[PDB]
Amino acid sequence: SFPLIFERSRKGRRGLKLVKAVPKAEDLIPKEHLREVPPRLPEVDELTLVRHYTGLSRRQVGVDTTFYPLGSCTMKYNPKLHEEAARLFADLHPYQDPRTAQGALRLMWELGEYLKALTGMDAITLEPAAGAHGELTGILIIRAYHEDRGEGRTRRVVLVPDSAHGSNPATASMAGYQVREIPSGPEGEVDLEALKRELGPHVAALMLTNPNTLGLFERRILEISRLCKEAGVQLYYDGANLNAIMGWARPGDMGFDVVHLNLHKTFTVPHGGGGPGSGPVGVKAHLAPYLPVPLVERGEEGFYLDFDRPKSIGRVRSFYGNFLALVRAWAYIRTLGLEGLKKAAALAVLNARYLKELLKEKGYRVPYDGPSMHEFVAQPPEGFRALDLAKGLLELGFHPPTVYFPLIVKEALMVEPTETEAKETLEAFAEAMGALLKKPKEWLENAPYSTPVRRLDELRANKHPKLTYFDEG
């Protein structure tokens, strides 16, 4: 059991006291503008605050405490070094004179250069706040491109594979595009025939991850690029799976026109329980003019924010991007270097293939198992549902991988161990996976048991939702 911060409150109790002499409200603000009924915020002392949040953290797990083999999430170690790096730039105002923020602007420029070098892009924006935001940015960029070509009314469809992340099609709608889903081949890769059947002057772009969500590299990516090019279709790169090929291959060299990256995935920016993140967007020269403003450019006087771009799609969020996250990513790249990143990608892939071998040995199945990259998708043997096994792992002290995604594999177990996890950890995980298969159905269907809370009434939460402590409305 654990109390809510609101239950810990006590009428009139004070916490932080940041003001010595409090002014009278009516001497500063006209009455009709003053709040009459105070907001019902907690009223607790600092000790209570500390115990509350420290207590909550103890009812929580993270990479720092547990192996998180979440496919499509790259739950790699988040170096403490980076938190120290970030605090070094905490006191900077986005509107302060740029001549006094050259250190910050330089870091942004350099990061942009490193990311372009790793993706093979010609220009880049570090502004988008997350991968999905990068998606919207790139799709709007592609849209501005077509409209600038007089094909604005004909290019109305966006193609995405059946194994795409939900954000892809959701983005098309946000961009005002219609979306068509192309089926994957028998090997889990793009079905060229189905693709050539969908390609036409009505297609604005094709969104792909490479490796794809099955952890497989699209071996015919160059052909796919060729087909898209002749049809005038822009090839969008969902860079969520970049961890698998960092330093070994670049999307730009594959023919991709626009790409987005997830610093909070591939580049160690902490997941923070959902966010925040950073979704830089790189593009080939022909799409550069449509990039959102501002861009960080290097001039002879120094670094500066460039707003002079007539064909820009405009702004996608305030200021210039999640700078502190950018600091983290810069530190990561400057620590590892090219050789460090390559070794990271190789070991991320090695851990994935190794763990795949261990699970198949335990009885797990892999419907699409060509050479696995940074991740793979397994299925439990017939009779077991991913859901229950996930709950069983929770009971055993492990965290389950991603489940029920991609959508093209029933009882999908999307496993991504990343490169920072050790061999013995992969083996311990595989052992737990194997042991759960020897557990009676009922034990599995009622797990977890020892966790701070057991399975929750999801029906109630959806039928009679209580969204706040005061549940108003």
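Each residue number is its position in the shown sequence, starting from 1.
Engineer: Do the CA atoms of 293-301 or those of 396-404 have the higher mean B-factor in the entry?
Structural biologist: Result: 293-301.
Engineer: Comparing 266-274 with 308-316, where is the mean C-alpha B-factor higher?
Structural biologist: Comparing 266-274 with 308-316, the higher mean C-alpha B-factor belongs to 308-316.
Engineer: Looking at 356, 156, 106, 76, which has the highest CA B-factor as recorded?
Structural biologist: Going by the entry's C-alpha B-factors, 156 comes out highest.
Engineer: Of 286, 334, 391, 116, which one's C-alpha B factor is largest in the deposited record?
Structural biologist: So the option with the highest C-alpha B-factor is 286.
Engineer: According to the PDB entry, is the CA B factor of residue 443 in the bottom, middle or top third of its chain, that is, lowest, middle or highest?
Structural biologist: Ranked within chain, residue 443 CA B lands in the highest tercile.
Engineer: Looking at the temperature factor on the CA atom of residue 206, which third of the chain's modelled residues does it land in?
Structural biologist: Ranked within chain, residue 206 CA B lands in the middle tercile.
Engineer: What third of the chain does residue 28 rank in for C-alpha temperature factor, lowest, middle or highest?
Structural biologist: It belongs to the highest third of the chain when residues are ordered by C-alpha B-factor.
Engineer: Taking the C-alpha B-factors as the PDB entry records them, is residue 141 in the lowest, middle or highest third of its chain?
Structural biologist: Middle third, going by the recorded CA B-factors of the chain.
Engineer: What third of its chain's C-alpha B-factors does residue 16 belong to: lowest, middle or highest?
Structural biologist: Lowest third.
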